[PDB]
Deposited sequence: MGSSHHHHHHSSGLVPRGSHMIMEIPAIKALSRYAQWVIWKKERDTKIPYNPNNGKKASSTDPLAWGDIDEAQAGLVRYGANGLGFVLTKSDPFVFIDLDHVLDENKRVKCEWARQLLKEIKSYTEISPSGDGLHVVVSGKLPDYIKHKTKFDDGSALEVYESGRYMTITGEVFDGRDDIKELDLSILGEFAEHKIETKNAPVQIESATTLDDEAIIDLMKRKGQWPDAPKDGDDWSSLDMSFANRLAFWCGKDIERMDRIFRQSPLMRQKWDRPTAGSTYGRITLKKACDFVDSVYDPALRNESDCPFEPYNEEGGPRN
């Protein structure tokens, strides 16, 4: 019946279909024609809907997916954790968005979220993902991402509409070596920390990690802070005030004074690191 849905017929015009399978907390896209993992940039890693349907039964994947590209007219709106046990809307921001963006709406594969597919253009001043105290979240994309396709039409909104999307500025938040290269470096050296366990002195885990950051970041405390905030050791205590500074700032400053040598990107003195790798 999926091809009966007018919105699915609209998506089936494009050979931008994939299949996906649940891997722990994630949904990995796969090439429907050979079962290999699919890039979101390689068009020949995708197929048309017929090939996606066949690959779905062949590899026993969880469902269909559609890769969004710049040239196609579709915008993908991801609403997470906005539904009831009854698959009923419980978040007021999601209820207001649905009142102002009436287009194809389907229930996401976890049963507690929603997808809205619209024809239009995203405002250029909004974040891709917005998280709310609620625990729900709003995620919007028009290219460089795939979306799962369920066909579970919500409220009979089964047609992709052409709508203005300037209204999304009322829901999403606004926005105006490198860190990622350093993070990958520390991971390959095994200097990236695990999440703390039961009975772990978190504060000394912070200090050990801060000492490693001082070396690999060249004692650039701003970069040390940006990288720490993306680590499994980040918590609210990092920004709690303490003696006219923050706990995180005092930790990073003590690491900068404690640590002797530094990693020089031009000298590649990875062997000068004084700390053994984290065990596994």
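**Student:** Wait, which stretches of the deposited chain are just not there in the structure?
**Tutor:** Several regions go unmodelled: 1 to 20, 197 to 210, 315 to 320.
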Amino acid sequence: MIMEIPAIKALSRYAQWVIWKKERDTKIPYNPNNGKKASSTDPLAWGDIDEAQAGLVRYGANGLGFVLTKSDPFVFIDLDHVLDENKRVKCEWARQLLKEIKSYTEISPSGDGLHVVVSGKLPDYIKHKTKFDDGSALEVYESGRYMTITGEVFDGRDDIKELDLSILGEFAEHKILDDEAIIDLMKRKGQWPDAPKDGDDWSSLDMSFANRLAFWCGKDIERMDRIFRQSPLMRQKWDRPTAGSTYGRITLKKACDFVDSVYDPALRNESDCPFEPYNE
From here on, numbers count along this sequence of modelled residues.
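Throughout, rigid core stands for the largest set of C-alpha atoms superposing within 1.5 Å between the two forms.
**Student:** With the rigid core as the fit anchor, does 194 to 202 or 88 to 96 show bigger C-alpha shifts in 5 other deposited structures of this protein?
**Tutor:** Evaluated in 5 other deposited structures of this protein, the stretch farther from the shown form is 194 to 202.
**Student:** Can you check whether 241 to 249 or 45 to 53 lies farther from the displayed model in 5 other deposited structures of this protein, averaging C-alpha distances as RMS after superposing on the core?
**Tutor:** When 45 to 53 and 241 to 249 are compared in 5 other deposited structures of this protein, 241 to 249 lies farther out.
**Student:** In the PDB record, does 101 to 109 or 120 to 128 carry the higher mean Cα temperature factor?
**Tutor:** Stretch with the greater average CA B-factor: 101 to 109.
**Student:** Quick one: higher average CA temperature factor, 212 to 220 or 240 to 248?
**Tutor:** Between 240 to 248 and 212 to 220, it is 212 to 220.
**Student:** Among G144, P73, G169, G135, which carries the highest Cα B-factor?
**Tutor:** Result of the comparison over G144, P73, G169, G135: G135.
**Student:** By the entry's C-alpha temperature factors, tell me which of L177, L205, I176, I77 sits highest.
**Tutor:** That would be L177, according to the entry.
**Student:** How does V67 rank on Cα B-factor within its chain, lowest, middle or highest third?
**Tutor:** Its C-alpha B-factor, which the entry lists for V67, ranks in the lowest third among residues of this chain.
**Student:** Lowest, middle or highest third: which one holds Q16 when the chain's residues are ordered by CA B-factor from the entry?
**Tutor:** CA B-factor rank for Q16: lowest third.
**Student:** Looking at the temperature factor on the CA atom of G60, which third of the chain's modelled residues does it land in?
**Tutor:** According to the entry, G60 has a C-alpha B-factor in the chain's highest third.
**Student:** Divide the modelled residues of the chain into thirds by Cα B-factor and specify which third, lowest, middle or highest, holds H115.
**Tutor:** As the PDB entry reports it, the C-alpha B-factor of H115 lands in the lowest third of its chain.
**Student:** Lowest, middle or highest third: where is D159 by C-alpha B factor in its chain?
**Tutor:** Middle third.
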